[PDB]
2 protein chains.
Amino acid sequence: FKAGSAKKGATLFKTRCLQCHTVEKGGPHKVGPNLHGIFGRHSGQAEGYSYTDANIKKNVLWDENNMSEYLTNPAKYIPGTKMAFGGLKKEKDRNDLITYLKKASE
Amino acid sequence: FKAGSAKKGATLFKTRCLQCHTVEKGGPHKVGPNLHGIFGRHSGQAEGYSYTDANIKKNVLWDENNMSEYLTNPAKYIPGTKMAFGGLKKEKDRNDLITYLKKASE
Ligand code: HEC
Ligand code: HEC
Ligand SMILES: OCCCCCCC1CCCCC1
Ligand SMILES: OCCCCCCC1CCCCC1
């Protein structure tokens with residue numbers, strides 16, 4: 001992370017985040033939780049919001065570095081996302097699948 | 001990739017893939033393309049099927065290795081997927097947003 005443009009970041013939040021998040025202290029939850037005080041806190045802990053199983057599966061102390069990686073692809077931390085288009089968690093499942101597919105497709 | 005179980009792989013296809021793919025020669029397209037002969041071709045060129053922009057973005061001659069990685073998370077290669085929950089392409093976009101969010105959330 002390198003410090004960038006807070007003005008451009010504001011426009012980004014408004015057009016990319018605001019539809020599911022508020023950020024001001026005491027702001028309401030929406031589809032996603034209010035993000036006030038998120039950087040001095042652990043993930044999956046906003047008062048008054050109950051998260052998916054994502055927050056018992058991974059747990060970070062938010063900072064610029066780990067949030068930058070999060071925001072690369074937040075959808076993959078939402079359970080169900082990977083399975084929706086055929087994603088397979090277990091490497092053995094993927095081996096098994098491919099072994100069959102190589103035969104079934106020839 | 002290690003050779004695995006074609007019978008377990010077959011149950012996996014039926015329950016995880018079949019809803020969007022067929023595999024037999026001459027099989028119909030569904031939401032996704034028929035996969036006959038997939039291991040003998042490049043990605044994104046099944047006859048009679050027209051793909052998302054994913055196939056002018058990423059290109060691969062399919063084999064066990066690169067399809068194992070694909071099947072880790074296929075939804076990642078569908079355009080729109082990352083953006084849907086606030087995903088940010090550009091590093092500088094991410095930098096800008098975090099710079100703003102650190103202030104906005106204090
Ligand atoms: C725009 C770029 C953003 C940013 C900066 C964030 N989001 Fe979201 N968010 C959504 C949902 C449903 C959740 C909960 C996920 C779950 O329960 O598994 C989240 C969570 C977050 C976090 C973590 C919050 C915490 O308390 O740890 C963060 C940092 C975050 N978001 C930032 C939903 C959405 C959207 C719905 C369509 C959209 C759009 C965004 N988020 C976009 C962004
Ligand atoms: C279950 C485990 C599987 C497996 C083995 C595969 N899929 Fe899918 N698939 C879907 C869509 C819409 C596409 C095209 C995406 C695009 O146009 O960008 C695909 C594509 C593939 C490929 C590549 C095909 C090629 O010719 O290169 C492969 C190898 C593949 N799939 C395997 C849609 C879906 C689903 C819809 C809900 C589901 C479920 C799956 N796919 C699951 C699987
Ligand atoms: O590895 C960098 C991303 C870590 C994501 C942490 C999970 C988080 C829990 C609750 C809210 C959704 C995502
Ligand atoms: O690094 C992983 C390589 C796999 C890329 C798969 C691209 C494919 C092209 C068009 C159809 C779906 C995705």
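Side chains included, hydrogens not; waters and symmetry mates left out as well; all remaining heavy atoms used. So you know, we letter chains A, B, ... as the sequences are listed, proteins then strands, and number each from 1.
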Rounded to the nearest 0.5 Å, what separates atom [atom1] in [X] from atom [atom2] in [Y]?
| X | Y | atom1 | atom2 | value |
| --- | --- | --- | --- | --- |
| B:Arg41 | A:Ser105 | CZ | OG | 9.5 Å |
| B:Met67 | A:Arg94 | CE | CZ | 13.0 Å |
| B:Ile98 | A:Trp62 | CD1 | CH2 | 9.5 Å |

Let's test your reading of the structure: which of [options] forms the most heavy-atom pairs below 4.5 Å with chain A?
| options | result |
| --- | --- |
| B:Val31, B:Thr72, B:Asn34, B:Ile38 | B:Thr72 |
| B:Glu91, B:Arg16, B:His36, B:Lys82 | B:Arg16 |
| B:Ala3, B:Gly27, B:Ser68, B:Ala75 | B:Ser68 |
| B:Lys90, B:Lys25, B:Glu64, B:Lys7 | B:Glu64 |

Transitive ILVMFWY side-chain link [X] to [Y], under 4.5 Å:
| X | Y | answer |
| --- | --- | --- |
| B:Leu97 | A:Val60 | yes |
| B:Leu35 | B:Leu18 | yes |
| B:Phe85 | A:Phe85 | no |

Measure distances from [X] to the heavy atoms of chain B and classify the residue's part below 4.5 Å as side chain, backbone, both or neither.
| X | result |
| --- | --- |
| A:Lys103 | side chain |
| A:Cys17 | side chain |
| A:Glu106 | backbone |
| A:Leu101 | both |

Would you name the heavy atoms of [X] and [Y] that are closest together and state the gap between them?
| X | Y | value |
| --- | --- | --- |
| A:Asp93 | B:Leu12 | O-CD1, 3.3 Å |
| A:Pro74 | B:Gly87 | CD-CA, 3.5 Å |
| A:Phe1 | B:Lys102 | CE2-NZ, 3.9 Å |

Check: A:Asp96 side chain, B:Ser5 main-chain N or O, donor-acceptor pair, under 3.5 Å
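It does hold such a pair.
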
Above 12 or not: heavy atoms from other molecules or residues under 6.0 Å from NZ of B:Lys30?
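Atom NZ in B:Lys30 is packed in, count exceeds 12.
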
After noting the C-alpha distance and the side-chain angles of B:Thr11 and A:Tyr100, does the key distance pass the side-chain contact (heavy atoms from CB on, under 4.5 Å) rule?
CA-CA 9 Å; B:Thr11 302; A:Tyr100 164 78; over 6 Å; no

Out of A:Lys76, A:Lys89, A:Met83, A:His21, which one racks up the most heavy-atom pairs below 4.5 Å with chain B?
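That would be A:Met83.
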
